[PDB]
Amino acid sequence: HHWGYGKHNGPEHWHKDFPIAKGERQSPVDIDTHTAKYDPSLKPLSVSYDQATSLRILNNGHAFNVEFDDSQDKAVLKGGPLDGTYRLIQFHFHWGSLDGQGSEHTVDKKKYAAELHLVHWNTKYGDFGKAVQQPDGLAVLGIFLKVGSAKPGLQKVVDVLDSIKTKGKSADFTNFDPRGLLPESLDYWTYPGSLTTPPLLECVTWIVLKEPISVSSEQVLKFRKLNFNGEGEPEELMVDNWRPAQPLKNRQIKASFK
Ligand SMILES: CONS(=O)(=O)c1ccccc1
Ligand SMILES: [Zn+2]
């Protein structure tokens, strides 16, 4: 009875195997824009993906991961609310079955069609494994996706999805530049949270961009053709792989802008 997004193994069931699901700093959360406060102590955010080197794309049965070679000091996120340097390890998305839903974080209760998560680990911890055992081990840059004009830089990802339709399939995915997935503005909201999928570890400093990127209906429709199941198994479309907003509890969301 492996965790998932269905009626019998979805978000409402996760707490049984992962008690931290009802923790003190769980994600995602609704971002109440009027309650968020501009933070003057936030330093300029720095996204340096010029030397990013992708290796492979994988369908893990929950989403698809574009993995990067993080053995060297490349693709770094720093500044903003972060102390030190965080290295990019992979990115993935969460999306819906319809354009009206799909994002994990919400803005004033508004749900976007999807949400991109660029995952980075704190280099002071050596690697990802050790980093997820620390309260400041990860930094995730979240970017909302709305349906409208196509995002040229996303097409290469879209076109390779037909080769990793089912759970367990992977394909070489080199030379992909994640800079093509970033919106113009780096204005953001930040708060301490967790991974949004089991084990739901609370090691994430969230940096959610205010400006969404636009992707075409055709592009997101191809996301929805992926499968949760493995090859040779009954088809269950990979849609609505998002966790709903969780209690903000003892937290404050800070804004990088006025
Ligand atoms: C950031 O939340 N996205 S997640 O699906 O929980 C995830 C976190 C870290 C590595 C892979 C997936
Ligand atoms: Zn995610």
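One-based numbering, in listed order, for ligands and for the atoms of each. Residue numbers run from 1 in the order of the sequence given.
- Taking every non-hydrogen atom of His94 and a distance limit under 4.0 Å, the qualifying atoms of ligand 1 come out as 3 (N), 5 (O).
- A salt bridge links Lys249 with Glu24: at least one charged nitrogen is closer than 4.0 Å to a carboxylate oxygen.
- Nearest protein heavy-atom neighbour of atom 8 (C) of ligand 1: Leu195 CD2, 3.4 Å.
- Atom NE2 is the N/O/S atom of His92 found closest to the Zn ion (ligand 2).
- Both the sub-6.0 Å distance and the 45° axial angle are satisfied by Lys110 relative to the ring of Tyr112.
- Aromatic pair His8/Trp3: centroids not less than 6.0 angstrom apart.
- When non-hydrogen atoms are compared, ligand 1 lies under 4.0 Å from the side chain of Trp206 (C-beta onward) but not from its backbone.
- A salt bridge links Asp99 to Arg224: one of the charged nitrogens lies within less than 4.0 Å of a carboxylate oxygen.
- In terms of protein heavy-atom proximity, atom 10 (C) of ligand 1 is nearest to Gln90 NE2, 4.0 Å.
- For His62, no heavy-atom contact with ligand 1 is shorter than 4.0 Å.
- Protein heavy atom in closest approach to atom 4 (S) of ligand 1: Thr197 OG1, 3.4 Å.
- To the nearest 10 degrees, the angle centred on the Zn ion (ligand 2) between NE2 in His94 and ND1 in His117 reads 100°.
- Taking the six-membered ring for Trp and the full ring otherwise, the centers of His105 and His94 sit at least 6.0 Å from each other.
- Summary of contacts: the protein heavy atom closest to atom 7 (C) of ligand 1 is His92 CE1, 3.7 Å.
- Residues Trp95 and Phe223 place their aromatic rings such that the two centres sit under 6.0 Å apart.
- At a 4.0 Å heavy-atom cut-off, ligand 1 does not touch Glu104 at all.
- Checked for salt-bridge contact, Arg243 and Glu104 miss the test: no charged N lies under 4.0 Å from a carboxylate O.
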